[PDB]
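J.: No letters, just coordinates:
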């Protein structure tokens, strides 16, 4: 569907100022960003892979695709949003006692096939995403 380029560069900066719910409170509910987290954790559960009885394998790569018109209002940077959301989702997987392989990376990207006021987040266990 969308072959990625081989990038092992797992963007690393120590954002001690991590923002997750900040987006909702900034827009003041004009748009509901938290609806993403909601469906994201839902998609995480839908992507749970039956592994050893101790703990289930949760998705690591989440492709969050919104409409162009939504994304532009969110802001053109995937990076800062990715940092906040990945850290938040990674916290969730710990909380649920799930495990994964690689690094939890959430991708925010837009597609013209995706309409305004719509978003889709698909998380899967993807080891073919080198996160070094």
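T.: Right, received. Where do you want to start? Numbering: from 1, shown residues only.
J.: only C-alpha atoms for contact and neighbour calcs from this point on.
T.: Fine.
J.: For this protein, which residue occupies the most central location?
T.: Note on the chain: the residue nearest the mean C-alpha position is residue 106, at 2.8 Å, using CA atoms, centre = their mean.
J.: State the number of residues packed around residue 42.
T.: Number of residues near residue 42 (other CA atoms under 10 Å) recorded here: 14.
J.: most residues in a single helix of the chain, which one?
T.: helix 79-96 (DSSP state H).
J.: for this protein, what spans make up the helices?
T.: 22-27, 34-46, 68-74, 79-96.
J.: how about the ones you listed in JSON lines, adding distance to residue 52?
T.: Shown next, in JSON lines, are the helices of the chain (distance: least, CA to CA, whole Å):
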{"stretch": "helix 22-27", "distance to residue 52": "36"}
{"stretch": "helix 34-46", "distance to residue 52": "16"}
{"stretch": "helix 68-74", "distance to residue 52": "38"}
{"stretch": "helix 79-96", "distance to residue 52": "15"}
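J.: Now the residue nearest to the centre of the chain. Nearest residue, chain neighbours left out?
T.: Nearest residue to residue 106, sequence neighbours excluded (CA to CA, 6 or more residues apart in numbering): residue 62, at 4.6 Å.
J.: How many neighbouring residues does the one you found have?
T.: For residue 62, using other CA under 10 Å, the count is 25.
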